[PDB]
Amino acid sequence: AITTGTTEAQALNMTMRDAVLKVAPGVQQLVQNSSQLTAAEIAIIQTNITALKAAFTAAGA
Amino acid sequence: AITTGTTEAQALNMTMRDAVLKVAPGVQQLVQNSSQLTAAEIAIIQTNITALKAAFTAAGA
Amino acid sequence: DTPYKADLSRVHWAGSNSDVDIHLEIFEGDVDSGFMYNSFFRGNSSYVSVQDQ
Amino acid sequence: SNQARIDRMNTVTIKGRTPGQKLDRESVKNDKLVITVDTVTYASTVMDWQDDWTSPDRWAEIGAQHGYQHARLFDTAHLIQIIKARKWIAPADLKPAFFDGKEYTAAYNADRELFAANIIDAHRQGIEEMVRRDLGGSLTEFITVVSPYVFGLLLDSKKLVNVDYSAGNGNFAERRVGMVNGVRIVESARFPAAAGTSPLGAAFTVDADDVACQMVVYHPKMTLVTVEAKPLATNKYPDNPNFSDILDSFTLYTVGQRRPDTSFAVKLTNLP
Amino acid sequence: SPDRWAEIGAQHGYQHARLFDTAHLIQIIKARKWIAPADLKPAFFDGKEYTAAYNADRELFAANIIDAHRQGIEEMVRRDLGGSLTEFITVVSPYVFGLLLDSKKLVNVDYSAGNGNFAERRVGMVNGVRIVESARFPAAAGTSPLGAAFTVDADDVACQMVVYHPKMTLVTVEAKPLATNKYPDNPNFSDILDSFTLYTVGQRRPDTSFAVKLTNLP
Amino acid sequence: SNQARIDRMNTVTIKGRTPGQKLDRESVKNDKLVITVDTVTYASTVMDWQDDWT
Amino acid sequence: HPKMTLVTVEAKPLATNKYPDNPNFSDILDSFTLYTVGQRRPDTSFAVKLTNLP
């Protein structure tokens, strides 16, 4: 469960924020246009998505 | 794996994109202030994250 | 209970139903940083200058 | 829009050098803050033409009564938001320039003098902590808000009213006291009385622990920020098809914390 | 991105101002260890240090601090310096400054009338020397940018009260005042800003000062 | 900044009615577009003073 | 369509800069810019593809 009391939880909460904010700008590009749909960039999106799940699990969400 | 170029893929990608922007603002408030850290509000973020995980699984990312 | 609830047009709300927030932030000249400080012990000592000698 | 933004920044560090050496350089970090508006508060009244034609006028009384509730809610929200800022933990990215929110406790005692002494000790601890952060030169701008219970307790202290120590400060018989630890004292009746919800939203709920804090110190410029999208307004109009008149008053705003490093709260424990 | 140079420039000066005062105090805290050379012994005296004992009750701790200060004042009086007590200065940290106010003989009116006020956080003198409050005392052991002469040990960190003579104890030697310089590096894609200064602090007459230490703090 | 935004919006439809009938209402929908700049393109040449003087 | 198909976002238009490098006894000349291109309305264009080329 999520906690917000101590510095140990603060670090995990901070990591989640910048883990999700890296994913945020890619999904919009995935749908708004056909400019940046090369197979080489979907790979970066996939790695960011994979890191997001690990951040969630570490934070205990 | 992520796929593009079809109506079903576009619908799944749109759903995945729309699921992320709900979680996006909650995490910022989770770390920026102490005014929105009550037990009643973290429950909404928990459901948002649970829906985001299902959206990721459905989209295949 | 308003009769128009099912036909509202929400400007900055996207998605299949108007739930996602895409508003724009408003910014002005505000920047927070550390507090200021000024020296106090500058006059309480004997002083000598050798700058160019 | 329904949002506002403010920026944050860190500080630098000093080093040393000798002839023949090159200077070193370091990076600086930054972050942001955002607030949002989510709820409208209102009050409405309706009347019929036939009743209005056969009764003395009373619209002025209701119009006068409408604004008192708005003022009371505003003050209550202000105090509630001030109290909640005693639990913030500063992120490591801004540690040198930003600090944490503090809280101090006072132990309940059967005697009133000892209770007042404990409260004054907690206040002294808070003031010392504030002074250690280079803010000691602006203690003339801070304010202390106390509920009537604490205000009455403060007069029972062995000092702050005794001429031998605090000449010209307060009077026991007249129920008067002006200053403590170099900061002004203000009495307010808007403190929450019991746990519950509020019409403003879910960010203003209070539990048992929150109600125990009846003393707070803050800076009236650098602590809170108010975001407003619609100032309070009124409008009285007739509903011609329905044979009646209506009166409305509404507003839209919110309150948020800006710098929790410039305030602290005192908590009373083991109350009966 | 928007421009942000003014804030950095201000912080650059704030940090220098903060370092000056702490470097000023670190040297006074070290004079307590001075031993006079043999050839000058009859006219020069060694430095002194006194200790206070921690106690749970605040008034007793304040009494201990006051007695420790009184011992140093009495030692000063014996070196024929008693005729200049109006020139000395006392520097006290916020903690010790707040401990003094609890004593019920410096603030009372039956004794020491006219000196201090409990409600306003005001104190005027102690044992005939005026008091000054500063927050620049070192907080932890470590090295300093100014060299090896400014290193602080876990024992110098425990001294939180100091007395010295402004015109006779320390001497400051300066070779370049503070200056700033901003310039572009054309061969690269960067802009830079700098600040620099050159100075030091020394000891002249260590036998005109003393320090008090707090022992067994929890 | 390093990015810009453009808005998107849908359209409406036409209807008709006879006397006594009410009017219906319709809901419009929105979206957005974002662009970003990341890379710089350049050219450069270098000369020596001795060759420049001659 | 030359008016509805593309959009150009610019952070610095084309500029030049000539300077000397005193310690290295040489001169340099540079030109640089920072921009990008994106799709505004893909609705108003199409492409023709050749197939089975040898």
# chains A, B, ... in the order shown; residues from 1 in each chain; ligands from 1
call {"tool": "closest_atom_pairs", "arguments": {"of": "chain G", "to": "chain E", "cutoff": "10 Å", "atoms": "only C-alpha atoms", "output": "tab-separated table"}}
result
residue	atom	partner	partner_atom	distance
G:17	CA	E:186	CA	9.1
G:18	CA	E:186	CA	9.3
G:19	CA	E:186	CA	7.4
G:20	CA	E:186	CA	8.7
G:21	CA	E:187	CA	7.4
G:28	CA	E:187	CA	8.5
call {"tool": "interface_residues", "arguments": {"of": "chain F", "to": "chain A", "cutoff": "9 Å", "atoms": "only C-alpha atoms", "output": "ChimeraX atom specification"}}
result
/F:32-35
call {"tool": "atom_distance", "arguments": {"atom1": "atom CA of residue E:98", "atom2": "atom CA of residue D:160"}}
result
15.8 Å
call {"tool": "interface_residues", "arguments": {"of": "chain A", "to": "chain D", "cutoff": "12 Å", "atoms": "only C-alpha atoms", "output": "list in words"}}
result
residues 4, 5, 6, 7, 8, 9, 10, 11, 12, 13, 14, 15, 17 and 18 of chain A
call {"tool": "interface_residues", "arguments": {"of": "chain E", "to": "chain F", "cutoff": "12 Å", "atoms": "only C-alpha atoms", "output": "list in words"}}
result
residues 1, 2, 3, 187 and 189 of chain E
call {"tool": "write_last_selection", "arguments": {"atoms": "N, CA, C and O atoms", "output": "mmCIF file, in the first residue's frame"}}
result
data_model
loop_
_atom_site.group_PDB
_atom_site.id
_atom_site.type_symbol
_atom_site.label_atom_id
_atom_site.label_comp_id
_atom_site.auth_asym_id
_atom_site.auth_seq_id
_atom_site.Cartn_x
_atom_site.Cartn_y
_atom_site.Cartn_z
ATOM 1 N N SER E 1 14.186 28.365 -22.956
ATOM 2 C CA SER E 1 13.801 28.466 -21.556
ATOM 3 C C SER E 1 13.869 29.927 -21.137
ATOM 4 O O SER E 1 14.551 30.731 -21.781
ATOM 5 N N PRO E 2 13.171 30.301 -20.065
ATOM 6 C CA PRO E 2 13.266 31.681 -19.573
ATOM 7 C C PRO E 2 14.602 31.952 -18.895
ATOM 8 O O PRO E 2 15.331 31.036 -18.509
ATOM 9 N N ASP E 3 14.917 33.238 -18.757
ATOM 10 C CA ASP E 3 16.180 33.642 -18.152
ATOM 11 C C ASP E 3 16.135 33.461 -16.638
ATOM 12 O O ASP E 3 15.119 33.730 -15.994
ATOM 13 N N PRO E 187 34.384 28.961 -28.843
ATOM 14 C CA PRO E 187 34.708 27.642 -29.411
ATOM 15 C C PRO E 187 33.796 26.533 -28.921
ATOM 16 O O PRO E 187 33.684 25.506 -29.600
ATOM 17 N N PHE E 189 29.738 25.731 -26.931
ATOM 18 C CA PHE E 189 28.348 26.181 -26.987
ATOM 19 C C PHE E 189 27.826 26.585 -25.612
ATOM 20 O O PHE E 189 26.659 26.344 -25.290
#
call {"tool": "interface_residues", "arguments": {"of": "chain F", "to": "chain C", "cutoff": "9 Å", "atoms": "only C-alpha atoms", "output": "NGL selection string"}}
result
:F and (9 or 25-32)
call {"tool": "residues_around", "arguments": {"residues": "stretch 41-50 of chain A", "least_positions_apart": "2", "cutoff": "9 Å", "atoms": "only C-alpha atoms", "output": "PyMOL selection string"}}
result
(chain A and resi 19-20+22-23+26-27+30+36-39+52-55) or (chain B and resi 1-2+56+61)
call {"tool": "write_last_selection", "arguments": {"atoms": "N, CA and C atoms", "output": "short mmCIF file (atom, residue, chain, number, x, y, z; two decimals), in the first residue's frame"}}
result
data_model
loop_
_atom_site.label_atom_id
_atom_site.label_comp_id
_atom_site.auth_asym_id
_atom_site.auth_seq_id
_atom_site.Cartn_x
_atom_site.Cartn_y
_atom_site.Cartn_z
N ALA A 19 9.15 8.53 -13.32
CA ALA A 19 8.98 7.35 -14.16
C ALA A 19 7.75 7.48 -15.04
N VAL A 20 6.67 8.07 -14.52
CA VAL A 20 5.44 8.18 -15.29
C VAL A 20 5.50 9.37 -16.25
N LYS A 22 8.00 10.34 -17.94
CA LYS A 22 8.72 9.95 -19.15
C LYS A 22 7.82 9.21 -20.12
N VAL A 23 6.89 8.40 -19.61
CA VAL A 23 5.95 7.69 -20.47
C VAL A 23 4.92 8.65 -21.04
N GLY A 26 4.95 10.07 -24.78
CA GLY A 26 5.09 9.15 -25.89
C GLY A 26 3.76 8.62 -26.40
N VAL A 27 2.83 8.38 -25.48
CA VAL A 27 1.52 7.86 -25.88
C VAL A 27 0.78 8.87 -26.74
N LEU A 30 2.05 8.54 -30.11
CA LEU A 30 1.63 7.27 -30.70
C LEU A 30 0.31 7.40 -31.45
N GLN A 36 6.09 9.61 -36.13
CA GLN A 36 7.08 8.99 -35.27
C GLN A 36 6.66 7.58 -34.86
N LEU A 37 6.23 6.77 -35.83
CA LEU A 37 5.81 5.40 -35.59
C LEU A 37 6.82 4.37 -36.10
N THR A 38 8.08 4.77 -36.26
CA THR A 38 9.10 3.82 -36.69
C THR A 38 9.30 2.75 -35.62
N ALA A 39 9.68 1.54 -36.07
CA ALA A 39 9.87 0.44 -35.14
C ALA A 39 10.99 0.70 -34.14
N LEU A 52 8.26 1.67 -15.88
CA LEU A 52 7.15 2.18 -15.08
C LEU A 52 6.57 1.09 -14.18
N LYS A 53 6.42 -0.12 -14.70
CA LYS A 53 5.87 -1.21 -13.89
C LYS A 53 6.78 -1.54 -12.72
N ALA A 54 8.09 -1.56 -12.95
CA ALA A 54 9.03 -1.81 -11.87
C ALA A 54 8.95 -0.71 -10.82
N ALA A 55 8.81 0.55 -11.25
CA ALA A 55 8.65 1.64 -10.29
C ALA A 55 7.39 1.46 -9.46
N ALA B 1 3.14 -7.13 -27.97
CA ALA B 1 3.86 -6.02 -28.64
C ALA B 1 2.88 -4.96 -29.14
N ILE B 2 3.33 -3.71 -29.18
CA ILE B 2 2.48 -2.62 -29.65
C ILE B 2 2.34 -2.71 -31.17
N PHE B 56 -2.62 -1.35 -19.89
CA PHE B 56 -1.35 -1.81 -20.44
C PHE B 56 -1.45 -3.26 -20.89
N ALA B 61 1.41 -3.73 -24.33
CA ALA B 61 2.69 -3.08 -24.11
C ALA B 61 3.52 -3.87 -23.10
#
call {"tool": "interface_residues", "arguments": {"of": "chain D", "to": "chain E", "cutoff": "10 Å", "atoms": "only C-alpha atoms", "output": "PyMOL selection string"}}
result
chain D and resi 9-17+23+25+28+124-125+127-129+131-134+136+159-169+178-183
call {"tool": "write_last_selection", "arguments": {"atoms": "C-alpha atoms", "output": "short mmCIF file (atom, residue, chain, number, x, y, z; two decimals), in the first residue's frame"}}
result
data_model
loop_
_atom_site.label_atom_id
_atom_site.label_comp_id
_atom_site.auth_asym_id
_atom_site.auth_seq_id
_atom_site.Cartn_x
_atom_site.Cartn_y
_atom_site.Cartn_z
CA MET D 9 15.32 26.37 -7.46
CA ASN D 10 18.35 25.30 -5.41
CA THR D 11 21.56 27.04 -4.26
CA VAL D 12 25.31 26.77 -4.94
CA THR D 13 28.51 25.77 -3.11
CA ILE D 14 31.96 27.30 -2.57
CA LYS D 15 35.37 25.75 -3.21
CA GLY D 16 39.08 26.60 -3.17
CA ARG D 17 41.95 26.86 -5.62
CA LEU D 23 37.99 25.90 -11.63
CA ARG D 25 31.55 23.77 -11.92
CA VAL D 28 21.58 23.35 -10.22
CA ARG D 124 9.93 28.41 22.34
CA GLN D 125 11.19 25.28 20.57
CA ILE D 127 10.71 29.87 17.55
CA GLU D 128 14.28 28.62 18.02
CA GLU D 129 13.89 26.32 15.01
CA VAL D 131 15.53 31.44 14.08
CA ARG D 132 18.04 28.79 13.03
CA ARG D 133 16.88 29.12 9.39
CA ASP D 134 18.06 32.75 8.95
CA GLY D 136 15.15 35.54 12.79
CA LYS D 159 4.97 34.83 33.68
CA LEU D 160 3.94 36.87 30.59
CA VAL D 161 1.62 38.81 32.96
CA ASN D 162 3.84 39.26 36.01
CA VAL D 163 5.35 42.75 36.22
CA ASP D 164 8.59 41.27 37.58
CA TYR D 165 9.29 39.70 34.17
CA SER D 166 6.91 41.06 31.50
CA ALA D 167 5.97 44.58 32.57
CA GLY D 168 3.28 46.10 30.37
CA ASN D 169 2.24 42.86 28.64
CA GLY D 178 -0.44 40.88 23.75
CA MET D 179 2.74 38.99 22.91
CA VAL D 180 4.68 35.76 23.51
CA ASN D 181 8.29 34.99 22.51
CA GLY D 182 8.28 38.22 20.50
CA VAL D 183 5.26 37.35 18.33
#
